[PDB]
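Peer 1: Structure, please.
(chains A, B, C, D, E and F, ligands or ions: 6)
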6 protein chains.
Amino acid sequence: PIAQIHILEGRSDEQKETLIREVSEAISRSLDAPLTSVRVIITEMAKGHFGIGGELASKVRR
Amino acid sequence: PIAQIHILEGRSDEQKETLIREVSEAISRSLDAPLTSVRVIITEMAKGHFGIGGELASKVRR
Amino acid sequence: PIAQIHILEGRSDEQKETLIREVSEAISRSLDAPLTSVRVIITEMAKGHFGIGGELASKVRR
Amino acid sequence: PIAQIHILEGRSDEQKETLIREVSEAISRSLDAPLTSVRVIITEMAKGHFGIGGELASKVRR
Amino acid sequence: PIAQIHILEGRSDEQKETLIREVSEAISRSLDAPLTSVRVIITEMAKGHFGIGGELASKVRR
Amino acid sequence: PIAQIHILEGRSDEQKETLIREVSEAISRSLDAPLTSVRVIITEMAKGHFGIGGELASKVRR
Ligand SMILES: */C(C)=C/C(=O)C(=O)O
Ligand SMILES: */C(C)=C/C(=O)C(=O)O
Ligand SMILES: */C(C)=C/C(=O)C(=O)O
Ligand SMILES: */C(C)=C/C(=O)C(=O)O
Ligand SMILES: */C(C)=C/C(=O)C(=O)O
Ligand SMILES: */C(C)=C/C(=O)C(=O)O
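Peer 2: Numbers count the residues shown, from 1 in each chain, chains lettered A, B, ... in the order given. Ligands and ions are numbered 1, 2, ... in the order given. Dropping the coordinates below:
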């Protein structure tokens, strides 16, 4: 399984590391797949490249 | 956060349901984000549409 | 420019056709790009393959 | 609905903002979905990371 | 490396098989990476889900 | 056809150029499509944004 996760910029490397570890275990337990076959890609979005309801995330999020 | 997960076809709806629930919480706890902002997309691949090392998964996986 | 749009299953072919036409023009006008260079991909998700807040869309949307 | 748009680097923040706003309204009108549920991700590509017909966009585009 | 390839529906399984094999080797030779670490995902688009220049591919391609 | 390739950061521009050229020809020969219609997007991943088996690629790859 491959997971690509888009998140707004801002998190710490520690949080991203945890994210990768947690999501990998979640996928592994859920599908009963070896943890070693799980790949996770984190794609960070700049506040000016994400829109919700038509507005920029920078005008509406931290 | 938005997560797209590519998995091989075959799992039950129960397993996918669990996948969606488990990955959502993992993301939520990890980034300390409200569980309600987390979206998860499961994309299923046909065994003849996934290749590892140049070989089809149908030739090399269950 | 290339746009991939993930939407829940259910729309008519007419609506999707309109989606493709309307998003293409929006991109074209917005970036001042020739309408002919714009590609649009519509990816439909099964209600059991999309989750919002940990819950399936089939349990939480029409 | 979620839209991911890949575009070559170069546009202004104003153009990207418009893109996000225009595409969101286009998706909303087309599908008759609340504008507030539409998310748009803009992924910018470096001229050296996009190829058309085998050539780099930097050799063949502004 | 992971490659996702979007192609119009219609090809035979033989052609897709070749696609997967040929792109895997191309990536392997190009990046000087072990062929065994290369994953390829083929995503097929329905003619009514792909638009070029605002028009559906079913209206404009075989 | 459109190809998006995720690779770890580190390659040279020459290698990426080759990758784009090789993959484009591979897709073109395989599908018997005009080379001019093939688009290739290279998305580079930071060693800290890719996980394999739950670990960061930075702890386990060059
Ligand atoms: C998930 C994409 C698993 C995989 O690729 C493998 O089985 O090696
Ligand atoms: C993750 C994509 C979160 C989000 O969209 C939000 O904060 O509403
Ligand atoms: C958007 C992806 C435009 C493009 O590919 C072109 O300029 O041909
Ligand atoms: C489009 C992806 C809409 C959506 O997620 C929602 O209904 O909240
Ligand atoms: C490409 C995504 C290669 C990879 O995952 C690996 O080195 O195992
Ligand atoms: C592959 C996506 C080919 C294409 O878009 C075209 O036929 O112009």
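
Peer 1: For the longest helix along chain A, C-alpha coordinates in PDB please.
Peer 2: Of all the elements of type helix in chain A, the one with the most residues (DSSP state H) is helix A:13-31. As requested, C-alpha coordinates have been extracted for helix A:13-31 and formatted as PDB (Å, rounded to 0.1, in the frame of the first residue of the first chain):
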ATOM      1  CA  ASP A  13       9.600  17.200  11.800                       C
ATOM      2  CA  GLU A  14       8.700  15.400  15.000                       C
ATOM      3  CA  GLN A  15       5.000  15.600  14.100                       C
ATOM      4  CA  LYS A  16       5.600  14.500  10.600                       C
ATOM      5  CA  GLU A  17       7.800  11.600  11.700                       C
ATOM      6  CA  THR A  18       5.000  10.500  14.000                       C
ATOM      7  CA  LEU A  19       2.500  10.900  11.300                       C
ATOM      8  CA  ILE A  20       4.500   8.600   9.100                       C
ATOM      9  CA  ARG A  21       4.900   6.000  11.800                       C
ATOM     10  CA  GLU A  22       1.200   6.200  13.000                       C
ATOM     11  CA  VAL A  23      -0.300   6.000   9.500                       C
ATOM     12  CA  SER A  24       2.000   3.100   8.500                       C
ATOM     13  CA  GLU A  25       0.900   1.100  11.600                       C
ATOM     14  CA  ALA A  26      -2.700   2.000  11.000                       C
ATOM     15  CA  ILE A  27      -2.500   0.800   7.400                       C
ATOM     16  CA  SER A  28      -0.600  -2.400   8.400                       C
ATOM     17  CA  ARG A  29      -3.000  -3.400  11.200                       C
ATOM     18  CA  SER A  30      -6.100  -2.500   9.100                       C
ATOM     19  CA  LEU A  31      -5.100  -4.500   6.000                       C
END
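
Peer 1: Is the next helix or strand along the chain from it in proximity to chain C?
Peer 2: Next helix or strand after helix A:13-31 toward the C-terminus (DSSP states H and E): strand A:39-45. No: shown here: strand A:39-45 not in contact with chain C (C-beta under 8 Å from any C-beta of the partner chain), separated by at least 13.3 Å. Backbone N, C-alpha and C define where each C-beta goes, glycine included.

Peer 1: at contact distance from chain E, anything in strand A:39-45?
Peer 2: Yes: legend: contact between strand A:39-45 and chain E by C-beta under 8 Å from any C-beta is shown at A:39, A:41.

Peer 1: Leaving aside the residues adjacent along the chain, what's closest to residue A:37?
Peer 2: Leaving aside its chain neighbours, residue A:37 sits nearest to residue A:1 (7.0 Å; criterion: C-beta to C-beta, 6 or more residues apart in numbering or on different chains).

Peer 1: oh sorry, the question was meant for residue A:17
Peer 2: residue F:56 (6.2 Å).

Peer 1: what does the longest helix of chain A contact?
Peer 2: Helix A:13-31 has contacts (C-beta atoms under 8 Å, 6 or more residues apart in numbering or on different chains) with A:1, A:3, A:5, A:7, A:11, A:33-35, A:38, A:40, A:42, B:3, B:5, B:7, B:11, B:15, B:18-19, B:22-23, B:25-27, B:29-32, F:48-49, F:51, F:53-56.

Peer 1: for the residue lying farthest from the centre of chain A, phi and psi?
Peer 2: Summary for chain A: using C-alpha atoms, centre = their mean, the residue whose C-alpha lies farthest from the chain's mean C-alpha position is residue A:54, with a distance of 21.7 Å. In terms of degrees, to the nearest 10, the main-chain angles of residue A:54 are phi 90, psi -20.

Peer 1: Quick check: residues of chain A near ligand 1?
Peer 2: Chain A has residues A:1, A:2, A:37 near ligand 1, with proximity defined as C-beta under 6 Å from any ligand atom.

Peer 1: Good, wrapping up.
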